Amino acid sequence: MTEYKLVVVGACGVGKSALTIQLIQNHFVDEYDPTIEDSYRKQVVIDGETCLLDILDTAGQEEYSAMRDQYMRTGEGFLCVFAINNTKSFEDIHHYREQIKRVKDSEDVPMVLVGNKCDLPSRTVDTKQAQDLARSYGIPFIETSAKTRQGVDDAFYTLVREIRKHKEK
Ligand SMILES: Nc1nc2c(ncn2[C@@H]2O[C@H](COP(=O)(O)OP(=O)(O)O)[C@@H](O)[C@H]2O)c(=O)[nH]1
Ligand SMILES: [Mg+2]
């Protein structure tokens, strides 16, 4: 019955939908419309706690900006995703970090930084660069592949653990 409201954000094409569908349905989707924004739910056990994950797979601009503000305010934790072969997507993390803090009007928002597509040979963002950014934010960094499932549970479960740490204070 404890529910965690998770929000997946990041530039178009980084694997937000693929990561979410891998977590929920345990398969890799080759093709999922980049413009579809939807929420998914699943019951999981995390550190012995049976809980419900309610995950919003975001798709960018909204019909009205109030819709963006609404999901950022109600969201409890944010998975900030870039792709390791797309430097622009890594640079865009700065924008998402700032915008979420701005809407929530808080310095302390549970977040995890995710470098997806680590199964690919092409890499433009080395691990050190991403670790340096995560260190500056004081948040965890996890490399994932939605295709092989590497790191997928860890990314989402770590985010839940970050929410728990925020709530106990
Ligand atoms: N090789 C590989 N491809 C991926 C991975 N994650 C996503 N993709 C592919 O990257 C493209 C964009 O993924 P998508 O989930 O639609 O990204 P979104 O726009 O962030 O929702 C799709 O063609 C996916 O098949 C991954 O971890 N490895
Ligand atoms: Mg998508």
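Sequence positions, counted from 1, serve as the residue numbers for this chain. These values consider heavy atoms only, across backbone and side chains, with no hydrogens, waters or symmetry-generated copies.
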Requested in this report: Would you please test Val81 and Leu19 for side chain to side chain contact (heavy atoms under 4.5 Å, CB included) and show each step?
Outcome: CA-CA 10 Å; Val81 188; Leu19 280 167; 3.9 Å; yes
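- Salt-bridge annotation for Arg164 and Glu49: present, with a side-chain N of the basic residue lying under 4.0 Å from a carboxylate O of the acidic one.
- Atom CZ of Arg102 has 12 or fewer neighbouring heavy atoms from other residues, nucleotides or ligands inside a 6.0 Å radius.
- Counting only N and O atoms by type, the side chains of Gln43 and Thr50 include no donor and acceptor under 3.5 Å apart.
- Using modelled atom types, one finds no donor on one side chain facing an acceptor on the other under 3.5 Å when comparing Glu37 with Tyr71.
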Report task. Kindly determine whether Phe82 and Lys117 satisfy side chain to side chain contact (heavy atoms under 4.5 Å, CB included), including the steps that lead there. Result -> CA-CA 9 Å; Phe82 70 96; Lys117 306 226 179 144; over 6 Å; no
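- Applying the salt bridge (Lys or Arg N to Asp or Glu O under 4.0 Å) rule to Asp54 yields the partners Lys5; only residues at least two apart in sequence or on another chain are considered.
- Within 6.0 Å of CD on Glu107 lie no more than 12 heavy atoms contributed by other residues, nucleotides or ligands.
- The salt bridge (charged side-chain N to carboxylate O under 4.0 Å, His left out) contacts involving residues 59-88 comprise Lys88-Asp92, where partners must be two or more places apart or lie in separate chains.
- Residue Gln99 places its CD atom among more than 12 non-hydrogen atoms of other residues, nucleotides or ligands, all under 6.0 Å distant.
- Note that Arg149 lies outside the cation-pi zone of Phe28, set by a 6.0 Å cut-off to the ring centre and a 45° limit from the axis.
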Query - Chi angles and distances behind the side chain to side chain contact (heavy atoms under 4.5 Å, CB included) call for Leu53, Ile24 - result: CA-CA 10 Å; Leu53 309 182; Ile24 300 298; 5.9 Å; no
